[PDB]
Each structure stands twice: as C-alpha cells, then as structure tokens.
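K.L.:
Sharing a structure with you now.
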Amino acid sequence: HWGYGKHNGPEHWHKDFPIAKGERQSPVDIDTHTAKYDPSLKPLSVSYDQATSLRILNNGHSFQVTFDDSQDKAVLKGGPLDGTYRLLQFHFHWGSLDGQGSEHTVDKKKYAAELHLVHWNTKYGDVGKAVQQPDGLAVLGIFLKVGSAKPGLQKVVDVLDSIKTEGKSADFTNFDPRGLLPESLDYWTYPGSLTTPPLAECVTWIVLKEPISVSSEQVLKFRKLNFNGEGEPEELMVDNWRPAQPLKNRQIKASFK
Ligand SMILES: [N]S(=O)(=O)[C][C][C][C]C123[B@]45[B@]67[B@@]89[C@@]1%10B81%11B698B746B814B562B%10%1143
Ligand SMILES: [Zn+2]
C-alpha cells in the first residue's frame with residue numbers, strides 16, 4: 001500500500017506507521033560542522049570475504065541482493081558497534097535526475113543515490129527479533145555520485161532487465177559486495193530507524209564520508225526499473241527516497257577529524 005507517490009508517499013506513512021513521527025527517525029541531514037569527532041570510536045571492521053549472495057529481487061520499492069545470514073560469513077563489527085552484525089541484504093535509493101536520490105544529506109547536499117548494506121545483531125538470533133530492539137540493526141550507508149563507472153556494480157546492472165517489475169527475482173550467486181566499497185571507511189554515526197515502513201527505531205547508522213562513483217549508464221539502468229507489477233500501468237522506479245527527518249535529541253559523531 002505505501003510507496004513514494006503523492007497519495008501514498010512519505011507524508012502519508014505516519015497513518016499506518018505512527019512511529020514515523022518518532023524521536024529517532026532516519027534519514028537525517030548530516031551537518032558536518034556540528035558532528036563531533038569522537039576519538040573513542042573504533043575503525044569499522046567489514047569482513048565480507050566469505051559472503052554468500054543468493055538472489056536479486058524487485059520488491060516494488062527498490063531492488064535488493066540477499067545473502068545467506070545463517071552463519072557469520074559477511075559481518076560488520078567495531079566502529080560504534082558492540083558485538084557482531086550479519087549482512088542480510090543490500091539495496092539502493094535513487095532519483096529521477098542526478099541532483100537527488102540519496103536519503104541522508106551532507107550539509108544539505110543530495111547525492112544521486114545511496115547504497116544501504118543491512119546487517120542484524122547476532123545476539124537476537126534472527127532479523128525479525130532484531131528489528132524489535134534499539135540496537136538490533138546496523139546499516140552501512142554509502143553515497144553514489146555520477147562520474148566514472150564502478151566495476152563492482154556492473155554485475156548488478158546487467159541483470160536489472162530481468163527483474164523489471166515487482167516480485168520478480170533471479171539467481172544472484174557469487175556476488176562480492178567488497179566491490180561496492182570506497183577506499184576510506186571514515187564515517188558518521190547516529191541512532192536512527194529504518195527509512196521504509198515499518199520505520200522501526202532499531203538502527204545504528206554508519207554513513208561513509210567517501211562516495212563511490214558510478215557511471216551515467218549504470219544509474220540510467222536503475223531508472224528503467226518499474227514500481228509496478230507486470231502488465232500494470234508503467235511507473236518508473238525513481239525517487240524512492242525518504243527525505244531528511246528531524247534530528248531531535250541526537251548527536252551525530254564522526255570517526256575522523
Ligand atoms: N532503507 S533501510 O536500509 O533503512 C531498510 C532496512 C530494512 C530492512 C528490513 B528487511 B525486511 B523488512 C525491513 B523489515 B523486514 B527485514 B526487517 B529487515 B527490516
Ligand atoms: Zn535503504
């Protein structure tokens with residue numbers, strides 16, 4: 001029922017999901033001059049060498065690549081986190097044109113897209129339990145700007161024509177998510193929420209300072225996707241981003257000076 005349009009978009013979500021007006025909603029604008037360098041923050045540990053991708057799916061709001069999360073194979077640790085978080089899926093948010101598409105903003109700047117790698121805390125045993133806890137999820141967010149192609153994204157781009165419409169899926173084995181990461185793991189962090197319904201307040205956000213560059217041809221393929229199902233009136237899957245929400249009583253911390 002929910003979506004990104006005039007009649008079902010972000011301004012409507014609070015009716016079915018009242019937490020939309022909560023105290024720790026995401027995304028937010030990252031004011032770089034107000035974010036506090038925290039020398040107690042540890043380097044982020046990204047251990048993706050044994051990742052096992054399974055499927056790629058158009059879920060009617062984005063496309064996602066899903067992973068086997070039944071053992072510690074692709075895990076996030078360190079940084080602001082206590083314990084171990086397993087990679088479940090990644091997906092993207094993007095715009096109709098290159099000047100919008102990201103969910104987080106940096107000094108009000110919008111990037112062309114944003115990659116979210118979604119992880120859950122192993123101490124809660126499964127993701128459905130983790131989303132009920134304030135420290136249940138860790139989402140690693142990476143900005144995309146348009147420039148040179150990202151080689152590690154091409155395998156994704158080349159299969160999008162097979163999942164054009166909603167609920168369509170394909171095999172997507174042997175994909176290495178290390179190929180989506182920028183050089184630096186410098187980050188901002190704050191406590192927040194899912195940016196899509198149910199908007200649960202369960203996420204430690206880790207947003208990388210360094211964007212990745214993707215080519216115009218790569219992002220053009222994202223924009224050929226459809227929100228609609230097969231045979232239904234065609235509506236391009238574009239502008240699938242929630243705008244920045246009030247920071248309220250939260251501090252954004254920087255891992256770098
Ligand atoms: N854009 S974002 O990265 O904030 C969304 C993170 C939600 C991921 C989820 B997957 B499916 B639906 C939602 B519920 B259930 B599992 B549970 B985890 B959260
Ligand atoms: Zn997301």
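Residues are referred to by chain and number: the chain letter is A, B, ... according to the order shown in the structure tokens, the number counts from 1 in that chain, and ligands are numbered separately from 1 in the order shown.
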Name the residues of region 95-251 of chain A that fall into strand (DSSP E) according to DSSP on the backbone, using the chain letters and numbers of this document, as a ChimeraX atom specification.
P.N.:
/A:105-106,113-121,137-146,169-171,187-192,203-208,212-214
K.L.:
Residues at most 12 Å from residue 256 (chain A), counting only C-alpha atoms, excluding those fewer than 3 positions away in the same chain, as a ChimeraX atom specification?
P.N.:
/A:32,35-44,79,184-189,208-210,253
K.L.:
Please produce, as a tab-separated table, a per-residue contact table for chain A versus ligand 1 (criterion: any atom at most 10 Å away, only C-alpha atoms and all ligand atoms considered), showing the nearest atom pair and its distance in Å to one decimal, sorted by chain then residue number.
P.N.:
residue	atom	partner	partner_atom_place_in_ligand_line	distance
A:25	CA	ligand 1	4 (O)	9.8
A:26	CA	ligand 1	4 (O)	7.4
A:27	CA	ligand 1	4 (O)	8.0
A:61	CA	ligand 1	1 (N)	9.8
A:62	CA	ligand 1	1 (N)	9.2
A:64	CA	ligand 1	10 (B)	9.8
A:66	CA	ligand 1	10 (B)	9.7
A:88	CA	ligand 1	10 (B)	7.7
A:89	CA	ligand 1	10 (B)	7.6
A:90	CA	ligand 1	3 (O)	7.7
A:91	CA	ligand 1	3 (O)	7.4
A:92	CA	ligand 1	1 (N)	7.9
A:93	CA	ligand 1	1 (N)	7.9
A:103	CA	ligand 1	1 (N)	8.6
A:114	CA	ligand 1	1 (N)	9.4
A:115	CA	ligand 1	3 (O)	8.3
A:116	CA	ligand 1	3 (O)	5.1
A:117	CA	ligand 1	3 (O)	6.8
A:118	CA	ligand 1	3 (O)	5.7
A:119	CA	ligand 1	8 (C)	8.5
A:120	CA	ligand 1	18 (B)	8.2
A:126	CA	ligand 1	16 (B)	9.5
A:127	CA	ligand 1	17 (B)	6.0
A:128	CA	ligand 1	17 (B)	5.9
A:129	CA	ligand 1	17 (B)	9.0
A:130	CA	ligand 1	17 (B)	8.3
A:131	CA	ligand 1	17 (B)	6.2
A:132	CA	ligand 1	17 (B)	9.4
A:136	CA	ligand 1	18 (B)	10.0
A:137	CA	ligand 1	6 (C)	8.1
A:138	CA	ligand 1	3 (O)	8.8
A:139	CA	ligand 1	3 (O)	5.9
A:140	CA	ligand 1	3 (O)	8.1
A:141	CA	ligand 1	3 (O)	7.9
A:192	CA	ligand 1	4 (O)	8.8
A:193	CA	ligand 1	4 (O)	6.3
A:194	CA	ligand 1	4 (O)	3.4
A:195	CA	ligand 1	4 (O)	4.0
A:196	CA	ligand 1	1 (N)	5.5
A:197	CA	ligand 1	13 (C)	7.2
A:198	CA	ligand 1	14 (B)	6.8
A:199	CA	ligand 1	4 (O)	7.6
A:200	CA	ligand 1	19 (B)	7.8
A:201	CA	ligand 1	4 (O)	9.7
A:202	CA	ligand 1	19 (B)	9.1
A:203	CA	ligand 1	4 (O)	7.7
A:205	CA	ligand 1	4 (O)	8.7
A:240	CA	ligand 1	1 (N)	9.8
A:241	CA	ligand 1	1 (N)	8.5
A:242	CA	ligand 1	1 (N)	8.8
K.L.:
Quick one: everything within 12 Å of residue 72 (chain A), counting only C-alpha atoms, minus sequence neighbours fewer than 5 positions away in the same chain. Send it as an mmCIF file with C-alpha atoms, in the first residue's frame.
P.N.:
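See part-v6.cif below for the written result:
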data_model
loop_
_atom_site.group_PDB
_atom_site.id
_atom_site.type_symbol
_atom_site.label_atom_id
_atom_site.label_comp_id
_atom_site.auth_asym_id
_atom_site.auth_seq_id
_atom_site.Cartn_x
_atom_site.Cartn_y
_atom_site.Cartn_z
ATOM 1 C CA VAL A 46 33.969 -5.008 7.357
ATOM 2 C CA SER A 47 34.569 -8.770 6.852
ATOM 3 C CA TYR A 48 32.924 -9.716 3.564
ATOM 4 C CA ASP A 49 35.431 -12.268 2.168
ATOM 5 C CA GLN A 50 33.076 -15.250 2.761
ATOM 6 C CA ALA A 51 29.830 -13.535 1.709
ATOM 7 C CA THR A 52 27.267 -15.784 0.011
ATOM 8 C CA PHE A 67 22.644 -13.061 1.383
ATOM 9 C CA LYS A 77 31.915 -5.226 13.768
ATOM 10 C CA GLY A 83 29.151 -7.369 19.066
ATOM 11 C CA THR A 84 28.676 -8.836 15.585
ATOM 12 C CA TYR A 85 26.208 -7.942 12.846
ATOM 13 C CA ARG A 86 25.441 -10.205 9.898
ATOM 14 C CA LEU A 87 24.783 -8.966 6.366
ATOM 15 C CA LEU A 88 21.275 -9.793 5.194
ATOM 16 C CA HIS A 119 23.036 -6.080 8.989
ATOM 17 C CA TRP A 120 21.428 -7.521 12.144
ATOM 18 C CA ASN A 121 22.839 -8.160 15.609
ATOM 19 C CA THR A 122 23.597 -11.823 16.202
ATOM 20 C CA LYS A 123 22.663 -11.568 19.875
ATOM 21 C CA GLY A 125 19.215 -14.633 16.644
#
K.L.:
Do you have the CA of residue 220 (chain A)-CA of residue 235 (chain A) distance handy?
P.N.:
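So the answer is 14.9 Å.
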K.L.:
Among region 6-217 of chain A, which residues carry a DSSP assignment of helix (DSSP H, G or I), reported as a ChimeraX atom specification?
P.N.:
/A:13-15,18-21,122-124,127-130,151-157,160-163,177-180,216-217
K.L.:
Write to file, as a compact mmCIF listing (two decimals), in the first residue's frame, the residues of the selection just made, with C-alpha atoms.
P.N.:
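What follows is the written file out_16.txt:
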# COMPACT_ATOMS: atom_id res chain seq x y z
CA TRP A 13 3.31 6.88 6.16
CA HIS A 14 2.54 8.02 9.70
CA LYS A 15 -1.12 6.96 9.33
CA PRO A 18 2.80 6.28 13.70
CA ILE A 19 6.47 5.90 14.67
CA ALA A 20 7.10 7.95 11.51
CA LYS A 21 6.84 10.97 13.81
CA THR A 122 23.60 -11.82 16.20
CA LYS A 123 22.66 -11.57 19.88
CA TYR A 124 18.96 -11.51 18.80
CA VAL A 127 16.27 -10.29 11.90
CA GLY A 128 12.61 -10.29 12.92
CA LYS A 129 13.67 -10.31 16.59
CA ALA A 130 16.45 -7.78 15.96
CA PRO A 151 33.32 -2.06 -11.90
CA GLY A 152 31.96 -3.93 -8.87
CA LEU A 153 28.43 -2.68 -9.66
CA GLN A 154 28.30 -3.90 -13.25
CA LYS A 155 27.17 -7.46 -12.46
CA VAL A 156 24.13 -5.93 -10.73
CA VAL A 157 23.38 -3.51 -13.57
CA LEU A 160 18.19 -5.48 -13.85
CA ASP A 161 16.35 -6.07 -17.16
CA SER A 162 15.33 -9.50 -15.74
CA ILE A 163 13.64 -8.02 -12.64
CA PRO A 177 29.99 -6.82 -2.05
CA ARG A 178 33.60 -5.70 -1.36
CA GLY A 179 33.43 -4.29 -4.87
CA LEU A 180 30.92 -1.62 -3.76
CA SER A 216 25.57 7.65 -16.03
CA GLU A 217 24.86 4.37 -17.88
K.L.:
Choose the residue, out of A:252, A:142, A:75, A:106, that has the smallest atom-to-atom separation from ligand 2; count only C-alpha atoms and all ligand atoms.
P.N.:
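For ligand 2, the nearest of the candidates is A:142.
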K.L.:
Find, counting only C-alpha atoms and all ligand atoms, the residue in A:24, A:81, A:11, A:243 that gets nearest to ligand 2.
P.N.:
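Closest residue, counting only C-alpha atoms and all ligand atoms: A:243.
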K.L.:
What's the separation between CA of residue 82 (chain A) and CA of residue 191 (chain A), in Å to one decimal place?
P.N.:
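Computed distance, CA of residue 82 (chain A) to CA of residue 191 (chain A), equals 13.5 Å.
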K.L.:
Do you have the CA of residue 173 (chain A)-atom 1 (Zn, counted along the ligand's line) of ligand 2 distance handy?
P.N.:
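Calculated distance between CA of residue 173 (chain A) and atom 1 (Zn, counted along the ligand's line) of ligand 2 is 21.4 Å.
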K.L.:
Could you check which of A:7, A:1, A:104, A:224 is closest to ligand 2, using only C-alpha atoms and all ligand atoms?
P.N.:
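Selected residue with least distance to ligand 2: A:104.
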K.L.:
Quick one: of A:17, A:111, A:4, A:63, who's nearest to ligand 2, counting only C-alpha atoms and all ligand atoms?
P.N.:
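Checking each candidate against ligand 2, we get A:63 as the closest.
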K.L.:
Counting only C-alpha atoms, figure out which residue out of A:251, A:165, A:215, A:204 gets nearest to residue 59 (chain A).
P.N.:
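Checking each candidate against residue 59 (chain A), we get A:165 as the closest.
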K.L.:
Pick from A:53, A:255, A:134, A:232: nearest to residue 68 (chain A), with only C-alpha atoms counted?
P.N.:
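Checking each candidate against residue 68 (chain A), we get A:53 as the closest.
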